[PDB]
Amino acid sequence: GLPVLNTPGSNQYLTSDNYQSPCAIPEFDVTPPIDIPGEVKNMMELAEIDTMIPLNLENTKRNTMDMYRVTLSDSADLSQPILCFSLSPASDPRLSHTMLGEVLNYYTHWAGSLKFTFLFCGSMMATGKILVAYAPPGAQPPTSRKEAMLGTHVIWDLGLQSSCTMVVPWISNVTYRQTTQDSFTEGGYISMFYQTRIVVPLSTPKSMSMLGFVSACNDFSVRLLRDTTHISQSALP
Amino acid sequence: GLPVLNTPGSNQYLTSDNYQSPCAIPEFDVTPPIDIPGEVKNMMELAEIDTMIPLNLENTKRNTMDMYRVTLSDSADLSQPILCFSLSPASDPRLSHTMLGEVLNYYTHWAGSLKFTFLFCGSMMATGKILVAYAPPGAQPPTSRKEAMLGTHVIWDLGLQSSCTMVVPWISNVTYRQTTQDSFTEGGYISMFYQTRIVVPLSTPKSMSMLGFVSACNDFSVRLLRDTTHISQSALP
Amino acid sequence: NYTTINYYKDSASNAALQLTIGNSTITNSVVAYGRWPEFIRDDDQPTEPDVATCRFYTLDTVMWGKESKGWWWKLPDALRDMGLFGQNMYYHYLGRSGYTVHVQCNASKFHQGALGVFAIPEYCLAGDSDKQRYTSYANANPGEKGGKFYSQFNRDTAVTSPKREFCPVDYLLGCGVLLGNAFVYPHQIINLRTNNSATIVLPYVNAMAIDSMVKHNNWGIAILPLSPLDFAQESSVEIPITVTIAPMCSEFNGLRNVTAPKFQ
Amino acid sequence: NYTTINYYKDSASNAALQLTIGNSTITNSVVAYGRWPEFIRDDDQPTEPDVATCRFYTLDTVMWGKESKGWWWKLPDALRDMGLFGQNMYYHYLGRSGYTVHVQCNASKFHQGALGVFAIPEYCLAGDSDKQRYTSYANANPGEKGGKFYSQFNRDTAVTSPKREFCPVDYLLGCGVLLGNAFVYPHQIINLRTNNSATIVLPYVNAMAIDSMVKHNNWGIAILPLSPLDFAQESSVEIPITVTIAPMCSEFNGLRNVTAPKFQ
Amino acid sequence: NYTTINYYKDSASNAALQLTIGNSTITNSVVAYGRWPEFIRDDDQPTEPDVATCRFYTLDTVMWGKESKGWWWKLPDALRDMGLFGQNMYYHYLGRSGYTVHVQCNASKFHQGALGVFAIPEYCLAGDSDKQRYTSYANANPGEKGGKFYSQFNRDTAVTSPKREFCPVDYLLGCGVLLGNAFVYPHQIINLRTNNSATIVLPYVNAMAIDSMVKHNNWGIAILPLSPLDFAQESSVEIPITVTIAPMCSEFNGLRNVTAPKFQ
Amino acid sequence: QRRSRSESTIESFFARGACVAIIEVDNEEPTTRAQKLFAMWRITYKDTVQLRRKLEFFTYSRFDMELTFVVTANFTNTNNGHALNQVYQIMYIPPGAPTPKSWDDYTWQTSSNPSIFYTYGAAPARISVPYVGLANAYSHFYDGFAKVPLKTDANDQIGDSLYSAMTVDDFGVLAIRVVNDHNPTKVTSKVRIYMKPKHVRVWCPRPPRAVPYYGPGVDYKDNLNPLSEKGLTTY
Amino acid sequence: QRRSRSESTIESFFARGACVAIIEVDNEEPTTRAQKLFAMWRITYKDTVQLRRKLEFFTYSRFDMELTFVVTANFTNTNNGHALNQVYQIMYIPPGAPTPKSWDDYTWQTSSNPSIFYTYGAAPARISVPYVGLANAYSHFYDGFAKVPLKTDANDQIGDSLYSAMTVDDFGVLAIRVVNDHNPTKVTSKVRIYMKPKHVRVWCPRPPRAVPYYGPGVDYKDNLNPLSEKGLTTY
């Protein structure tokens, strides 16, 4: 018949190949689909949904509801930070297990801006001001408000608004960052400080709780699918 | 299905083949390129760049800076040559390790003209004249100025010009020459002599140094890629 | 471009304010997946009580304190004994409906706390024993009263008379997933310093256009305290929480004798 | 012609005088790769000191004698303590800039000697110990003073307190390549019998449009005596060599607190 | 017709009277391969003596008797010492030329005999020892005198001082082929009963447009008696044979000092 | 240009083969005691955890399937002889069809049931399957029962059923045997099944599993402390 | 015609396969002591010297890759029996993905990681890879560090890093195992990996290496006298 020559790679099975194969059930009448609410077209759509951050991962509070709450008080040390973490969406323990982190753990490269939200859950009679700062990498992590205010920052008034939003933009030397810990692709630092103190009147609670959320923006992308480390198996059923 | 007949050569791996193979990472978003200075399109472009020649490969001067310098003096024997070598760009020890030679050692056949440059690094008060000669192969290598001046030659005045250039044209019986030593494809000889002597006034150094450079021209070509002998290995990491 | 021709005949082989409903009135809302409830499309005559079943029914009030860990309900299970809606449920083999859920909780300016309300499709909960999928029908359909969450997993170590009950865990959402991601589902937050009520509109969601309302629950409602309740410097604080649910665009089919499940 | 059709959807699968800058003035030049420095193209607001940073800074003078083997500097390391350029470097996370380098060396008509000046992108030097890539940050960033070449490899045989310093070799260019081929890089030759100065213009070269200026050096400058210095029949001769560098088209981004590296 | 498409990009992969010249005059001719000598085509300035080298040179006369077995010469070797042609040969690295060969032999009507003249390109002869390709340059370039054939192979059984000489055999043509087929080459027959002279015109033949004239001989001339010489009833008969050769369209290139080979 | 989301699509997210079954089959002399001359595997994606976790990101799905089979054989003893190349038979048994009781019963005639004959040493076997769901989409989660107990029922076992289960038998089973007779030396073999979804559509995104799976359901038993320790004010 | 420079192009200069890795994998009975049942190789082109020297002619590069795998197996003893044809699994593990700790752990499910199954005796395996650089081009030379020590650092080890290195883990690793169980006789195998660049662009030409390589960096230890002796006035 037609002369042919077999090239390298014949009779191999690549799990990522895309070929045609015969159908074992010909002439099957498939059930037609219907319009079901909640259709998803892209995994990034899931990363754009805000989810709570387990900020407080202390020994006695981790793996518990209280790990989602950050304490605020009117007698706190105004010279010390409230919370601090690093901009590692997939490797930082406080961000790895979020929906964004779960999606990123299936990929190797990521890029884009991020959106952080903070919700204040005190009484209507409480007032105060907060400073939320982001610092690009390269220098010492901020330890005081004076160092933090030199980077990107936002001032939040609790009384007027119970929620605040801060957008961390994409600023990097490489076009894509790795989803694993690596100094060559570090992202920066996030810190919080008291601008003023929390003031409450009499017959009012002096301690309150704050919640945090994170999400991605429309300019976010991922690359090089890979398996995750959040699920394992030791025996087959 | 479609009848087919397998021909000889099936299921073999030729390292120089050019076929299509499946991609293991489909739908990858490649990072776009940018305009970086210094792009190279052809290896010959590297062979057209002049580089110094280690002319002096004596026992006590080889593998040292002084191997790039040729001594000149006002009391030298005017009847003896200053330097002499053969037109073997890839096999001659004085030309093999140059950029031109390094590129040629990756190929089997070469053709084209060559450009030699000589730089004089004496004082402004020194004067003299030199004769630089090329002799095609076939006869005895020149040993005196009388024999050398019968071939191609150039007269160089140190005082007026501190640098000289000589073009060795392509003159051969075969269309291509081998990059290895072979009498059937020998190229010729290059020699230098004193036309006049070097004259200096009082309170001036009587000894000076000269440097040499070689490069290829726009009519240069190579053929039949092959591995080089300038790199080896004895153990795997 | 690259050339491609499909050889096989099969596609698979191819390479790849006041809201008033009926006779009820309650004085921003959230629509799940941006889809309003609707009747079945053009693509046995169904029965449709336009107003005898599409109205607000109020459940039993619950109490929120400093140790409450959460509450959960299942729909349409919670409305099985509400007027003619339950009668239509138990007199027909197939049913369909959407819902409007309204959560009410009022306090003062000196209170503080936050509630999270989540609407979950196909809300499957975990058991309380080594045996798998051993929960009973009666325990899985509490009805109006509903159930509660727990802060830890209490295994039922009794082989003589197993309870066969759910054991939800608050921080695992009762299904083995972290609570922080529950916001993926349709949700509302009631913060006492800003608002006092929540509203959600749920369309009909299922793999089939219509299905039995007795052996399958389409929706689950979960309420959890994200921040603990507090009031001035008082040791004990309790406030009421109320839930009101309205069926919307309800259809029934398959009329026969009445069904009487054995609830204990 | 031969027929070819690409089957796979992926491309990879397919078969294959006076110069004045700012407030500085110096009285032919060489442009590296024939590319003049330029700002980032159209494809966080950058900061750009037009004249507070784009001007000539003069380094410390060095002495050339009969035993000198060469000198080397790293950019932008050498300018880390020059006016506001260093402040912008240490107050920002990302930086970019090109350079203009001017080498000055004057003598008389009775002197003789030749200097080779080479500008090298990504100039990586070798260590002085069996351990690989063990050189320290402080030793790899000398600054204004720079470093020197050697005529032989002196191994640091001290495991108690390793020095962790470079050991460049003149005829190997400090990186394992023959010096004669260094002319592949942008270069200038200062021959005392013809000229007394050299000038090179370096654009920004890197795999990224912008990168940190603290942990990465984009350029290296190497000066080596191709011919030994001599003067009449004198035993000892020494003459000065001076280097002046001007930043050009410099941009910075990522403003935060200041960075303070520990240089010894 | 059958269909065929070439896949690979490479072609190899694809499936498969008086004649006066210069200041000389001699009073039908044969042109080898029907190609007249010509200069190099359009596709270092060559030197071309138009008349100082393109003229007839006469070699030494030989004697033909009843026991002569043949003679052979090599060109351009035979003309190495002829006027300015040899000087141009030894003063240049590359040379090219064609030839006109004229063989003269006169007798009477009462004589009888036949000579065969053959012009052979790349005429390689066999040795006289067990060692292969061991013939020396001096013995392989006799010059004007030329060499002679033999009727048998005489091995040189002397390892102390090997002669390193050719041992041609008449009926093997000196190269291992039968003489009867030598007429494949350009040839002439001199039969004493019809004519007394032969003429051949040889163009330049080689794998290269131009080549060295010192280390390579382009042509060989062989003269053999096809029929023995006889005259009346005489025991001994001897007659002279003369050879005259004229270079034509000669070019030289690569001028340098003179070459002086060591001929013994 | 600007960055694209080509590889984050559902089709790209599920465009890989994943193992779901490892099945052992032996060829040896039949004997009275139990043997593995033929194996029967119940079709499901819950045997493993990777593809299961990827699929459970959503509540409803609709897709076609591509199945690939890789067979590896080996000896057990070294003092019984050698064997010739073997042929493996893989038959699909839908619900209600008769099931084999021996390696050479009539059920292997496969008059209507599809079957694959594979020769050892050749390329791994491959086939494709369309969407065969009774409803309009597959249901990864089902909050309900298949029976409802009634007050008039004689006993409590009439209406008892497992929670979160639709059908006792779903998608049928696969029966694998070695067609060749038994050589004097025993030969063991393993068949690995790899599954790739194609033409995928999904609905109702769901948070992923955070604790180890325990059975086909959503039950959890051990390792309920996934998160680690970290400082509140520690970068 | 006139001579052309077709074969001196960059594409022609890099249009050949070059070995970069030889990996040993054994099939035998598992035991307590160390074994080579599965191998893990870190991806890099610096293991060998030919392709490395060819690439180091330039400072920056940008290309796609073609990988080919050649497998050769042999016996070790002659008094244990024989073996059947084996199947090899090659899995690519990017940074951050879990790594195997045994030849039969869950990580081999390769639900998302690409994998190749190769049958011994067939044609050598082959795949292609696109440009996967984080930046706009690959950097063969990097003059800098990944960390900068600071005066406020508690100790000197906080900011210590290797010179001329970007990332601790780059491009991931390859894990190779034998899927088949162990025959009574041990079988050894070697996998040779050949790499061919395609669609090549380069920038900033650089002089070639003149002395033997010593480690991933530019360090040199021995044989610093490459040039030989010759006469100044000798042809």
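So that you can tell them apart, the chains are marked A, B, C, D, E, F and G in the order they are listed, and the count of residues begins at 1 in each.
In this section, contacts are C-beta pairs under 8 Å (C-beta built on N, C-alpha and C of every residue); 3 or more make two chains touch, one makes a residue touch a chain.
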Across the interfaces D-G and B-E, which one involves more C-beta pairs in contact? D-G
Please determine the option from A-D, B-E or B-D whose contacts repeat those of A-C, over half of the contact pairs being identical by residue number. B-D
Per-chain Cα mean versus the mean over all protein Cα atoms: which chain has them closest together? G
If you average the CA atoms of chain B and of chain G, how far apart do the two points sit, in angstrom? 34
Where the centres are mean C-alpha positions, what is the separation of chain B from chain D, in Å? 28
CA centre of chain C versus CA centre of chain G: separation in Å? 55
Which positions in chain B are in touch with at least two other chains? 11-13, 18-19, 21-26, 28-29, 31-32, 34, 36-38, 46, 54, 63, 67, 97, 99, 102, 175
Please set out, as single numbers or ranges, the residues of chain F touching at least two other chains. 3-5, 7, 9, 12, 15-17, 48-50, 53-54, 59-60, 70, 123-124, 128-130, 133, 135-137, 204-205, 207-210, 224, 226
Where in chain D do residues touch at least two different other chains? 6-10, 12-13, 16, 121, 178, 181, 184, 205, 207-209, 214-215, 259-260
Inter-chain touch pairs (all): A-B, A-C, A-D, A-F, A-G, B-D, B-E, B-F, B-G, C-D, C-F, D-E, D-G, F-G
Quick one: which bits of chain E touch chain D in the complex? Just the residue numbers, please. 5-9
Contacting residues of chain B [partner chain E, same complex]: 18, 135-140, 142, 147-148, 150-152, 169, 171, 173-175, 188
Which residues, counting only chain D, touch chain G once they are in their complex? 10-13, 16, 74, 121-127, 130, 132-138, 140, 153, 169, 172-173, 175-178, 181-182, 184, 205, 207-209, 214-218, 220, 259-262
In the complex, chain B touches chain A at residues 2-13, 17, 19, 21-26, 28-29, 31-32
So in the complex, which bits of chain F are touching chain B? 1, 3-7, 9, 12, 15
